file work.txt (compact mmCIF, N, CA and C atoms)
# COMPACT_ATOMS: atom_id res chain seq x y z
N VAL A 3599 7.87 11.75 27.82
CA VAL A 3599 7.41 11.22 26.55
C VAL A 3599 5.95 10.78 26.68
N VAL A 3600 5.54 10.51 27.92
CA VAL A 3600 4.15 10.12 28.17
C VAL A 3600 3.21 11.27 27.83
N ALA A 3601 3.58 12.50 28.21
CA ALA A 3601 2.76 13.66 27.87
C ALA A 3601 2.68 13.85 26.36
N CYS A 3602 3.80 13.66 25.66
CA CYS A 3602 3.79 13.77 24.20
C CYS A 3602 2.89 12.72 23.57
N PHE A 3603 2.93 11.49 24.08
CA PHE A 3603 2.06 10.44 23.56
C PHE A 3603 0.60 10.72 23.90
N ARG A 3604 0.34 11.45 24.99
CA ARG A 3604 -1.02 11.80 25.38
C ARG A 3604 -1.53 12.93 24.49
N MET A 3605 -2.57 12.64 23.71
CA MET A 3605 -3.20 13.58 22.79
C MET A 3605 -4.71 13.46 22.88
N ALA A 3606 -5.42 13.97 21.87
CA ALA A 3606 -6.88 13.92 21.83
C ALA A 3606 -7.36 12.82 20.89
N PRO A 3607 -7.64 11.63 21.41
CA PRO A 3607 -8.14 10.56 20.54
C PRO A 3607 -9.65 10.66 20.36
N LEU A 3608 -10.19 9.77 19.53
CA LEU A 3608 -11.62 9.76 19.30
C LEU A 3608 -12.40 9.25 20.50
N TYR A 3609 -11.80 8.35 21.30
CA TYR A 3609 -12.56 7.74 22.38
C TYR A 3609 -12.87 8.74 23.48
N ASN A 3610 -12.09 9.81 23.58
CA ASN A 3610 -12.37 10.83 24.59
C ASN A 3610 -13.44 11.81 24.11
N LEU A 3611 -13.60 11.94 22.80
CA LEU A 3611 -14.50 12.95 22.26
C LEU A 3611 -15.95 12.59 22.56
N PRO A 3612 -16.82 13.60 22.68
CA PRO A 3612 -18.26 13.32 22.78
C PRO A 3612 -18.76 12.64 21.53
N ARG A 3613 -19.82 11.84 21.70
CA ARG A 3613 -20.24 10.95 20.63
C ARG A 3613 -20.74 11.72 19.41
N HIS A 3614 -21.45 12.83 19.62
CA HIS A 3614 -22.01 13.57 18.49
C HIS A 3614 -20.91 14.19 17.62
N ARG A 3615 -19.85 14.69 18.25
CA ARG A 3615 -18.73 15.22 17.48
C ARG A 3615 -18.10 14.13 16.61
N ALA A 3616 -17.90 12.95 17.19
CA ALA A 3616 -17.33 11.85 16.43
C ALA A 3616 -18.29 11.39 15.34
N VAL A 3617 -19.59 11.53 15.57
CA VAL A 3617 -20.57 11.16 14.55
C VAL A 3617 -20.48 12.12 13.37
N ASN A 3618 -20.33 13.41 13.65
CA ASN A 3618 -20.14 14.37 12.56
C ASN A 3618 -18.86 14.09 11.79
N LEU A 3619 -17.78 13.79 12.52
CA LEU A 3619 -16.53 13.42 11.86
C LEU A 3619 -16.71 12.19 10.99
N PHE A 3620 -17.45 11.20 11.49
CA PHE A 3620 -17.70 9.99 10.71
C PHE A 3620 -18.52 10.30 9.47
N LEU A 3621 -19.50 11.19 9.59
CA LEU A 3621 -20.29 11.56 8.42
C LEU A 3621 -19.40 12.14 7.34
N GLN A 3622 -18.54 13.10 7.71
CA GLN A 3622 -17.66 13.70 6.71
C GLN A 3622 -16.69 12.67 6.13
N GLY A 3623 -16.08 11.85 6.99
CA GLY A 3623 -15.10 10.89 6.52
C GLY A 3623 -15.73 9.82 5.64
N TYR A 3624 -16.88 9.29 6.05
CA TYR A 3624 -17.62 8.34 5.24
C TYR A 3624 -17.96 8.94 3.89
N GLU A 3625 -18.48 10.17 3.88
CA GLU A 3625 -18.76 10.84 2.62
C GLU A 3625 -17.55 10.80 1.70
N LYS A 3626 -16.45 11.42 2.14
CA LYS A 3626 -15.29 11.58 1.25
C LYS A 3626 -14.70 10.23 0.85
N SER A 3627 -14.64 9.28 1.79
CA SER A 3627 -13.91 8.04 1.52
C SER A 3627 -14.73 7.07 0.69
N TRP A 3628 -16.05 7.03 0.87
CA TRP A 3628 -16.88 6.01 0.25
C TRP A 3628 -17.79 6.59 -0.82
N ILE A 3629 -18.59 7.62 -0.50
CA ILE A 3629 -19.60 8.07 -1.44
C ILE A 3629 -18.95 8.75 -2.63
N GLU A 3630 -17.92 9.56 -2.37
CA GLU A 3630 -17.20 10.20 -3.46
C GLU A 3630 -16.50 9.19 -4.34
N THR A 3631 -15.89 8.17 -3.74
CA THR A 3631 -15.11 7.19 -4.49
C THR A 3631 -15.97 6.14 -5.18
N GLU A 3632 -17.24 6.02 -4.81
CA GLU A 3632 -18.11 5.06 -5.47
C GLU A 3632 -18.35 5.47 -6.92
N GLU A 3633 -18.17 4.51 -7.83
CA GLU A 3633 -18.27 4.78 -9.26
C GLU A 3633 -19.18 3.76 -9.92
N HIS A 3634 -20.14 4.25 -10.70
CA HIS A 3634 -20.98 3.41 -11.54
C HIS A 3634 -21.10 4.05 -12.91
N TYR A 3635 -21.04 3.23 -13.95
CA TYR A 3635 -20.98 3.71 -15.33
C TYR A 3635 -22.36 3.58 -15.95
N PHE A 3636 -22.91 4.71 -16.40
CA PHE A 3636 -24.24 4.73 -16.99
C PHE A 3636 -24.33 5.62 -18.22
N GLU A 3637 -23.26 6.31 -18.60
CA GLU A 3637 -23.37 7.35 -19.62
C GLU A 3637 -23.74 6.77 -20.98
N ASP A 3638 -23.11 5.67 -21.37
CA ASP A 3638 -23.41 5.08 -22.68
C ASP A 3638 -24.86 4.62 -22.75
N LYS A 3639 -25.33 3.94 -21.71
CA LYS A 3639 -26.71 3.48 -21.69
C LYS A 3639 -27.68 4.66 -21.72
N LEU A 3640 -27.40 5.70 -20.94
CA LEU A 3640 -28.29 6.86 -20.90
C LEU A 3640 -28.35 7.54 -22.26
N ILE A 3641 -27.21 7.71 -22.92
CA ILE A 3641 -27.20 8.38 -24.22
C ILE A 3641 -27.89 7.52 -25.26
N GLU A 3642 -27.70 6.20 -25.20
CA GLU A 3642 -28.40 5.32 -26.13
C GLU A 3642 -29.91 5.41 -25.94
N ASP A 3643 -30.36 5.46 -24.69
CA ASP A 3643 -31.79 5.62 -24.44
C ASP A 3643 -32.30 6.97 -24.93
N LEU A 3644 -31.53 8.03 -24.71
CA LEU A 3644 -31.96 9.37 -25.11
C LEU A 3644 -31.97 9.55 -26.62
N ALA A 3645 -31.12 8.84 -27.36
CA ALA A 3645 -31.04 8.99 -28.80
C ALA A 3645 -32.07 8.16 -29.55
N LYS A 3646 -32.81 7.31 -28.87
CA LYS A 3646 -33.77 6.45 -29.55
C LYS A 3646 -34.98 7.26 -30.01
N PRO A 3647 -35.39 7.13 -31.27
CA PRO A 3647 -36.70 7.66 -31.66
C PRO A 3647 -37.80 6.85 -31.00
N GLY A 3648 -38.49 7.45 -30.03
CA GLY A 3648 -39.36 6.69 -29.16
C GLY A 3648 -40.69 6.31 -29.78
N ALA A 3649 -40.68 5.32 -30.67
CA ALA A 3649 -41.89 4.86 -31.35
C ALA A 3649 -42.60 6.02 -32.04
N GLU A 3650 -41.85 6.77 -32.85
CA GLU A 3650 -42.41 7.95 -33.50
C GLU A 3650 -43.54 7.60 -34.46
N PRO A 3651 -43.42 6.62 -35.36
CA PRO A 3651 -44.56 6.25 -36.22
C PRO A 3651 -45.75 5.74 -35.41
N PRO A 3652 -45.54 4.92 -34.36
CA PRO A 3652 -46.69 4.61 -33.50
C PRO A 3652 -47.34 5.84 -32.90
N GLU A 3653 -46.56 6.84 -32.51
CA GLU A 3653 -47.13 8.10 -32.07
C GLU A 3653 -47.71 8.85 -33.26
N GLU A 3654 -48.70 9.70 -32.98
CA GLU A 3654 -49.39 10.45 -34.03
C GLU A 3654 -48.57 11.68 -34.39
N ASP A 3655 -47.43 11.43 -35.05
CA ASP A 3655 -46.59 12.53 -35.51
C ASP A 3655 -47.29 13.36 -36.58
N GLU A 3656 -47.82 12.69 -37.61
CA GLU A 3656 -48.60 13.35 -38.66
C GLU A 3656 -47.83 14.50 -39.30
N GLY A 3657 -46.54 14.29 -39.53
CA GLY A 3657 -45.72 15.32 -40.12
C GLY A 3657 -44.25 14.96 -40.03
N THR A 3658 -43.42 16.00 -39.92
CA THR A 3658 -41.98 15.82 -39.84
C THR A 3658 -41.60 15.05 -38.59
N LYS A 3659 -40.56 14.23 -38.70
CA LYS A 3659 -40.08 13.41 -37.60
C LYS A 3659 -39.68 14.27 -36.41
N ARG A 3660 -40.32 14.03 -35.27
CA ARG A 3660 -40.03 14.80 -34.08
C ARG A 3660 -38.63 14.50 -33.57
N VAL A 3661 -37.93 15.56 -33.16
CA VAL A 3661 -36.56 15.41 -32.70
C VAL A 3661 -36.52 14.58 -31.42
N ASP A 3662 -35.48 13.77 -31.29
CA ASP A 3662 -35.33 12.89 -30.16
C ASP A 3662 -34.94 13.68 -28.91
N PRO A 3663 -35.10 13.08 -27.72
CA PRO A 3663 -34.77 13.82 -26.49
C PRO A 3663 -33.35 14.34 -26.43
N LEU A 3664 -32.38 13.58 -26.94
CA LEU A 3664 -31.01 14.09 -26.98
C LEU A 3664 -30.92 15.33 -27.87
N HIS A 3665 -31.60 15.30 -29.02
CA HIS A 3665 -31.64 16.46 -29.88
C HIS A 3665 -32.25 17.66 -29.17
N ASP B 1930 -24.48 6.29 14.82
CA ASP B 1930 -24.40 6.35 16.28
C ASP B 1930 -23.80 5.08 16.86
N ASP B 1931 -24.28 3.91 16.45
CA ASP B 1931 -23.73 2.70 17.05
C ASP B 1931 -22.40 2.33 16.40
N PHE B 1932 -22.23 2.66 15.11
CA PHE B 1932 -20.94 2.37 14.48
C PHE B 1932 -19.81 3.11 15.18
N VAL B 1933 -20.00 4.41 15.43
CA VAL B 1933 -18.99 5.20 16.12
C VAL B 1933 -18.79 4.76 17.56
N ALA B 1934 -19.85 4.35 18.25
CA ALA B 1934 -19.68 3.84 19.60
C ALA B 1934 -18.81 2.59 19.63
N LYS B 1935 -19.07 1.65 18.71
CA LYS B 1935 -18.23 0.46 18.65
C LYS B 1935 -16.80 0.81 18.29
N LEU B 1936 -16.61 1.73 17.35
CA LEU B 1936 -15.26 2.14 16.97
C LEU B 1936 -14.53 2.80 18.14
N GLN B 1937 -15.23 3.61 18.93
CA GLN B 1937 -14.63 4.26 20.08
C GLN B 1937 -14.26 3.25 21.16
N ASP B 1938 -15.11 2.25 21.40
CA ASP B 1938 -14.74 1.19 22.33
C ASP B 1938 -13.52 0.41 21.84
N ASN B 1939 -13.44 0.16 20.54
CA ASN B 1939 -12.25 -0.47 19.99
C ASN B 1939 -11.01 0.38 20.23
N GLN B 1940 -11.13 1.70 20.05
CA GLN B 1940 -9.99 2.57 20.31
C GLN B 1940 -9.60 2.54 21.78
N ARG B 1941 -10.59 2.53 22.68
CA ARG B 1941 -10.32 2.31 24.09
C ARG B 1941 -9.49 1.06 24.33
N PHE B 1942 -9.88 -0.07 23.76
CA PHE B 1942 -9.15 -1.32 23.94
C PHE B 1942 -7.75 -1.27 23.33
N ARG B 1943 -7.63 -0.72 22.13
CA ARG B 1943 -6.35 -0.74 21.42
C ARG B 1943 -5.33 0.18 22.08
N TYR B 1944 -5.78 1.35 22.55
CA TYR B 1944 -4.87 2.25 23.25
C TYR B 1944 -4.36 1.62 24.54
N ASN B 1945 -5.23 0.93 25.27
CA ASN B 1945 -4.79 0.22 26.46
C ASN B 1945 -3.80 -0.89 26.13
N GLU B 1946 -4.03 -1.62 25.04
CA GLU B 1946 -3.07 -2.63 24.61
C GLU B 1946 -1.72 -2.00 24.30
N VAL B 1947 -1.73 -0.86 23.60
CA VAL B 1947 -0.48 -0.19 23.26
C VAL B 1947 0.23 0.30 24.51
N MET B 1948 -0.53 0.80 25.49
CA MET B 1948 0.09 1.25 26.73
C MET B 1948 0.70 0.08 27.50
N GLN B 1949 0.03 -1.07 27.47
CA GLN B 1949 0.60 -2.26 28.11
C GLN B 1949 1.83 -2.76 27.36
N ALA B 1950 1.89 -2.52 26.05
CA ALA B 1950 2.93 -3.08 25.19
C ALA B 1950 4.03 -2.09 24.85
N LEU B 1951 3.97 -0.87 25.40
CA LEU B 1951 4.97 0.14 25.06
C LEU B 1951 6.37 -0.25 25.53
N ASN B 1952 6.48 -1.20 26.45
CA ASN B 1952 7.77 -1.44 27.09
C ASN B 1952 8.74 -2.25 26.24
N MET B 1953 8.29 -2.91 25.17
CA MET B 1953 9.24 -3.64 24.33
C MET B 1953 10.18 -2.69 23.60
N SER B 1954 9.65 -1.63 22.99
CA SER B 1954 10.49 -0.75 22.19
C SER B 1954 9.88 0.64 22.13
N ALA B 1955 10.74 1.65 22.24
CA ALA B 1955 10.30 3.03 22.08
C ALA B 1955 10.06 3.38 20.61
N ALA B 1956 10.86 2.81 19.70
CA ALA B 1956 10.65 3.04 18.28
C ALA B 1956 9.31 2.48 17.82
N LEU B 1957 8.94 1.30 18.32
CA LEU B 1957 7.64 0.72 17.98
C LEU B 1957 6.50 1.60 18.45
N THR B 1958 6.61 2.13 19.67
CA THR B 1958 5.60 3.00 20.23
C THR B 1958 5.31 4.21 19.36
N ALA B 1959 6.28 4.69 18.59
CA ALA B 1959 6.04 5.81 17.68
C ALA B 1959 5.01 5.47 16.61
N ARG B 1960 5.21 4.36 15.88
CA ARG B 1960 4.23 4.01 14.85
C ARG B 1960 2.93 3.51 15.46
N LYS B 1961 2.98 3.02 16.70
CA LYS B 1961 1.72 2.66 17.36
C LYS B 1961 0.94 3.90 17.78
N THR B 1962 1.63 4.98 18.13
CA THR B 1962 0.95 6.18 18.61
C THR B 1962 0.72 7.21 17.52
N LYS B 1963 1.16 6.94 16.29
CA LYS B 1963 0.76 7.79 15.17
C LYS B 1963 -0.75 8.02 15.15
N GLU B 1964 -1.52 6.94 15.31
CA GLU B 1964 -2.98 7.06 15.30
C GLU B 1964 -3.47 7.93 16.46
N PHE B 1965 -3.03 7.62 17.68
CA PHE B 1965 -3.55 8.31 18.84
C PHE B 1965 -3.09 9.76 18.93
N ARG B 1966 -2.03 10.14 18.21
CA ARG B 1966 -1.60 11.53 18.18
C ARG B 1966 -2.01 12.26 16.92
N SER B 1967 -2.58 11.57 15.94
CA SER B 1967 -3.10 12.23 14.75
C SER B 1967 -4.31 13.08 15.12
N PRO B 1968 -4.62 14.10 14.31
CA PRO B 1968 -5.82 14.88 14.57
C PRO B 1968 -7.05 14.02 14.46
N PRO B 1969 -8.15 14.41 15.12
CA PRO B 1969 -9.34 13.55 15.13
C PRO B 1969 -9.88 13.25 13.75
N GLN B 1970 -9.79 14.19 12.81
CA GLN B 1970 -10.21 13.91 11.45
C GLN B 1970 -9.34 12.83 10.82
N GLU B 1971 -8.02 12.93 10.98
CA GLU B 1971 -7.11 11.94 10.42
C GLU B 1971 -7.30 10.57 11.05
N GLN B 1972 -7.60 10.52 12.35
CA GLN B 1972 -7.81 9.24 13.00
C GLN B 1972 -8.96 8.48 12.36
N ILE B 1973 -10.07 9.16 12.12
CA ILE B 1973 -11.22 8.46 11.57
C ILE B 1973 -11.03 8.23 10.08
N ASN B 1974 -10.26 9.10 9.42
CA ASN B 1974 -9.90 8.84 8.03
C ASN B 1974 -9.11 7.54 7.90
N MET B 1975 -8.14 7.32 8.78
CA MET B 1975 -7.36 6.09 8.70
C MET B 1975 -8.16 4.90 9.21
N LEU B 1976 -9.11 5.12 10.11
CA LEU B 1976 -9.99 4.03 10.52
C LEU B 1976 -11.00 3.64 9.45
N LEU B 1977 -11.30 4.53 8.49
CA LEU B 1977 -12.28 4.25 7.46
C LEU B 1977 -11.64 3.90 6.12
N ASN B 1978 -10.52 3.17 6.14
CA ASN B 1978 -9.84 2.77 4.91
C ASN B 1978 -9.99 1.29 4.59
N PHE B 1979 -10.95 0.60 5.21
CA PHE B 1979 -11.07 -0.83 4.93
C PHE B 1979 -11.81 -1.09 3.63
N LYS B 1980 -12.20 -0.05 2.90
CA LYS B 1980 -12.63 -0.25 1.53
C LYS B 1980 -11.44 -0.69 0.69
N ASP B 1981 -11.73 -1.33 -0.44
CA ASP B 1981 -10.71 -1.95 -1.29
C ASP B 1981 -10.04 -3.08 -0.52
N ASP B 1982 -8.88 -3.53 -0.99
CA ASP B 1982 -8.20 -4.67 -0.39
C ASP B 1982 -6.82 -4.33 0.16
N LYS B 1983 -6.42 -3.06 0.15
CA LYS B 1983 -5.16 -2.68 0.78
C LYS B 1983 -5.22 -2.95 2.28
N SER B 1984 -6.32 -2.57 2.93
CA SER B 1984 -6.71 -3.07 4.25
C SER B 1984 -5.58 -2.95 5.28
N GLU B 1985 -4.92 -1.80 5.31
CA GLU B 1985 -3.93 -1.53 6.35
C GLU B 1985 -4.52 -0.80 7.54
N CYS B 1986 -5.82 -0.52 7.53
CA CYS B 1986 -6.46 0.11 8.67
C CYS B 1986 -6.53 -0.85 9.85
N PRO B 1987 -6.50 -0.34 11.08
CA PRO B 1987 -6.59 -1.20 12.26
C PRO B 1987 -8.00 -1.63 12.64
N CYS B 1988 -8.99 -1.43 11.77
CA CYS B 1988 -10.35 -1.79 12.11
C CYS B 1988 -10.52 -3.31 12.08
N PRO B 1989 -11.23 -3.89 13.05
CA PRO B 1989 -11.42 -5.34 13.06
C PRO B 1989 -12.44 -5.78 12.03
N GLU B 1990 -12.50 -7.10 11.82
CA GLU B 1990 -13.32 -7.66 10.75
C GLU B 1990 -14.80 -7.42 10.99
N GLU B 1991 -15.26 -7.56 12.24
CA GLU B 1991 -16.69 -7.39 12.50
C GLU B 1991 -17.13 -5.95 12.30
N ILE B 1992 -16.32 -4.99 12.76
CA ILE B 1992 -16.65 -3.59 12.57
C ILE B 1992 -16.58 -3.23 11.09
N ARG B 1993 -15.64 -3.83 10.36
CA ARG B 1993 -15.62 -3.66 8.91
C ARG B 1993 -16.89 -4.20 8.28
N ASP B 1994 -17.35 -5.37 8.73
CA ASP B 1994 -18.51 -6.00 8.13
C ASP B 1994 -19.78 -5.19 8.36
N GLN B 1995 -19.91 -4.58 9.54
CA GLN B 1995 -21.08 -3.75 9.79
C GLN B 1995 -21.22 -2.65 8.74
N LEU B 1996 -20.14 -1.90 8.50
CA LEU B 1996 -20.20 -0.84 7.50
C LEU B 1996 -20.27 -1.39 6.09
N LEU B 1997 -19.61 -2.50 5.79
CA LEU B 1997 -19.70 -3.10 4.47
C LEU B 1997 -21.08 -3.64 4.16
N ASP B 1998 -21.90 -3.91 5.17
CA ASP B 1998 -23.29 -4.28 4.96
C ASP B 1998 -24.20 -3.06 4.86
N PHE B 1999 -23.99 -2.07 5.73
CA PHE B 1999 -24.80 -0.86 5.66
C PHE B 1999 -24.58 -0.14 4.34
N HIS B 2000 -23.35 -0.12 3.85
CA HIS B 2000 -23.06 0.53 2.58
C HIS B 2000 -23.73 -0.17 1.41
N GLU B 2001 -23.75 -1.50 1.39
CA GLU B 2001 -24.49 -2.22 0.37
C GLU B 2001 -25.99 -1.93 0.45
N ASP B 2002 -26.54 -1.86 1.67
CA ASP B 2002 -27.94 -1.50 1.81
C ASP B 2002 -28.21 -0.09 1.28
N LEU B 2003 -27.31 0.85 1.57
CA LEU B 2003 -27.48 2.21 1.08
C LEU B 2003 -27.41 2.26 -0.44
N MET B 2004 -26.48 1.50 -1.03
CA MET B 2004 -26.36 1.48 -2.48
C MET B 2004 -27.61 0.88 -3.13
N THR B 2005 -28.12 -0.23 -2.58
CA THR B 2005 -29.31 -0.82 -3.17
C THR B 2005 -30.56 0.00 -2.91
N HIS B 2006 -30.56 0.85 -1.88
CA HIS B 2006 -31.63 1.82 -1.70
C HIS B 2006 -31.52 2.99 -2.66
N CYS B 2007 -30.30 3.40 -3.01
CA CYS B 2007 -30.08 4.43 -4.01
C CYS B 2007 -30.26 3.92 -5.43
N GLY B 2008 -30.32 2.60 -5.62
CA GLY B 2008 -30.51 2.03 -6.93
C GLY B 2008 -29.25 1.82 -7.73
N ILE B 2009 -28.08 2.07 -7.15
CA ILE B 2009 -26.82 1.91 -7.88
C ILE B 2009 -26.57 0.44 -8.18
N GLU B 2010 -26.90 -0.44 -7.24
CA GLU B 2010 -26.62 -1.86 -7.40
C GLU B 2010 -27.53 -2.49 -8.45

call {"tool": "encode", "arguments": {"input": "work.txt", "output": "structure tokens"}}
result
Amino acid sequence: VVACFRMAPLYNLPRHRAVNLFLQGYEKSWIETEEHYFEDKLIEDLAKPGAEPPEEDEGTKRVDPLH
Amino acid sequence: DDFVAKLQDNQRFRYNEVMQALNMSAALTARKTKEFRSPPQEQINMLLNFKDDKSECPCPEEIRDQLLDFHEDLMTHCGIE
């Protein structure tokens, strides 16, 4: 049963291999799962007429960035 | 580089503890050796679960804190924070 319990752990592996494994695991576990909400704020900013009368439009109202 | 070195030294210590402690029960040794017999990807996957508060990973508090600080630094460098 000792041989069965004996396997390939991380402590035996060379450091660079374990570093690559950590990079992949950190990516999937943390960076993928990290969530921040910005869509409403971004769309509100994009839909604003950006000081069109202050700008020298001199004609029809210029379409907003979202448009 | 240093995070993985500390984690590997921890695995060195924990495997030795399990080998010293295997004599109480053979059934216990199975769930203790799940980690050491898991594939190397799975081992580090289960070691990197101290995010959130479920916190069933065997990583110690100081090693958790190192990554929980580096991750905050990375987030504030990316501007997410």

call {"tool": "closest_atom_pairs", "arguments": {"input": "work.txt", "of": "chain A", "to": "chain B", "cutoff": "9 Å", "atoms": "only C-alpha atoms", "output": "CSV"}}
result
residue,atom,partner,partner_atom,distance
A:3602,CA,B:1966,CA,8.4
A:3603,CA,B:1966,CA,6.6
A:3604,CA,B:1966,CA,7.2
A:3605,CA,B:1966,CA,5.3
A:3606,CA,B:1966,CA,6.8
A:3607,CA,B:1965,CA,5.4
A:3608,CA,B:1969,CA,6.1
A:3609,CA,B:1937,CA,4.7
A:3610,CA,B:1937,CA,8.3
A:3611,CA,B:1969,CA,8.8
A:3613,CA,B:1934,CA,7.2
A:3614,CA,B:1930,CA,7.9
A:3616,CA,B:1933,CA,6.9
A:3617,CA,B:1933,CA,6.4
A:3619,CA,B:1970,CA,6.4
A:3620,CA,B:1973,CA,6.7
A:3622,CA,B:1970,CA,8.8
A:3623,CA,B:1974,CA,5.8
A:3624,CA,B:1977,CA,7.1
A:3627,CA,B:1977,CA,7.2
A:3628,CA,B:1980,CA,7.7
A:3634,CA,B:2009,CA,7.1

call {"tool": "atom_distance", "arguments": {"input": "work.txt", "atom1": "atom N of residue 2005 of chain B", "atom2": "atom N of residue 3618 of chain A"}}
result
22.6 Å

call {"tool": "atom_distance", "arguments": {"input": "work.txt", "atom1": "atom C of residue 3630 of chain A", "atom2": "atom CA of residue 3644 of chain A"}}
result
25.9 Å

call {"tool": "select_by_dssp", "arguments": {"input": "work.txt", "residues": "chain B", "states": "alpha helix (DSSP H)", "output": "ChimeraX atom specification"}}
result
/B:1931-1950,1955-1966,1969-1976,1990-2007

call {"tool": "atom_distance", "arguments": {"input": "work.txt", "atom1": "atom CA of residue 2006 of chain B", "atom2": "atom CA of residue 3633 of chain A"}}
result
15.6 Å

call {"tool": "build_atoms", "arguments": {"input": "work.txt", "residues": "segment 1945-1956 of chain B", "atoms": "N, CA, C and O atoms", "output": "mmCIF file, in the coordinates of the input"}}
result
data_model
loop_
_atom_site.group_PDB
_atom_site.id
_atom_site.type_symbol
_atom_site.label_atom_id
_atom_site.label_comp_id
_atom_site.auth_asym_id
_atom_site.auth_seq_id
_atom_site.Cartn_x
_atom_site.Cartn_y
_atom_site.Cartn_z
ATOM 1 N N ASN B 1945 -5.230 0.930 25.270
ATOM 2 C CA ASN B 1945 -4.790 0.220 26.460
ATOM 3 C C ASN B 1945 -3.800 -0.890 26.130
ATOM 4 O O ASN B 1945 -2.815 -1.075 26.856
ATOM 5 N N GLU B 1946 -4.030 -1.620 25.040
ATOM 6 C CA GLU B 1946 -3.070 -2.630 24.610
ATOM 7 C C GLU B 1946 -1.720 -2.000 24.300
ATOM 8 O O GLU B 1946 -0.665 -2.524 24.676
ATOM 9 N N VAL B 1947 -1.730 -0.860 23.600
ATOM 10 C CA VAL B 1947 -0.480 -0.190 23.260
ATOM 11 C C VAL B 1947 0.230 0.300 24.510
ATOM 12 O O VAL B 1947 1.461 0.254 24.604
ATOM 13 N N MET B 1948 -0.530 0.800 25.490
ATOM 14 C CA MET B 1948 0.090 1.250 26.730
ATOM 15 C C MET B 1948 0.700 0.080 27.500
ATOM 16 O O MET B 1948 1.754 0.215 28.124
ATOM 17 N N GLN B 1949 0.030 -1.070 27.470
ATOM 18 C CA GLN B 1949 0.600 -2.260 28.110
ATOM 19 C C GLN B 1949 1.830 -2.760 27.360
ATOM 20 O O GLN B 1949 2.724 -3.368 27.960
ATOM 21 N N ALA B 1950 1.890 -2.520 26.050
ATOM 22 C CA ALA B 1950 2.930 -3.080 25.190
ATOM 23 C C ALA B 1950 4.030 -2.090 24.850
ATOM 24 O O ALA B 1950 4.939 -2.399 24.081
ATOM 25 N N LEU B 1951 3.970 -0.870 25.400
ATOM 26 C CA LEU B 1951 4.970 0.140 25.060
ATOM 27 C C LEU B 1951 6.370 -0.250 25.530
ATOM 28 O O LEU B 1951 7.352 0.329 25.047
ATOM 29 N N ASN B 1952 6.480 -1.200 26.450
ATOM 30 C CA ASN B 1952 7.770 -1.440 27.090
ATOM 31 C C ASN B 1952 8.740 -2.250 26.240
ATOM 32 O O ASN B 1952 9.935 -2.285 26.572
ATOM 33 N N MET B 1953 8.290 -2.910 25.170
ATOM 34 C CA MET B 1953 9.240 -3.640 24.330
ATOM 35 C C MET B 1953 10.180 -2.690 23.600
ATOM 36 O O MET B 1953 11.401 -2.906 23.576
ATOM 37 N N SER B 1954 9.650 -1.630 22.990
ATOM 38 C CA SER B 1954 10.490 -0.750 22.190
ATOM 39 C C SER B 1954 9.880 0.640 22.130
ATOM 40 O O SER B 1954 8.665 0.789 21.974
ATOM 41 N N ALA B 1955 10.740 1.650 22.240
ATOM 42 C CA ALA B 1955 10.300 3.030 22.080
ATOM 43 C C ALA B 1955 10.060 3.380 20.610
ATOM 44 O O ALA B 1955 9.166 4.169 20.305
ATOM 45 N N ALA B 1956 10.860 2.810 19.700
ATOM 46 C CA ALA B 1956 10.650 3.040 18.280
ATOM 47 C C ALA B 1956 9.310 2.480 17.820
ATOM 48 O O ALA B 1956 8.614 3.093 17.003
#
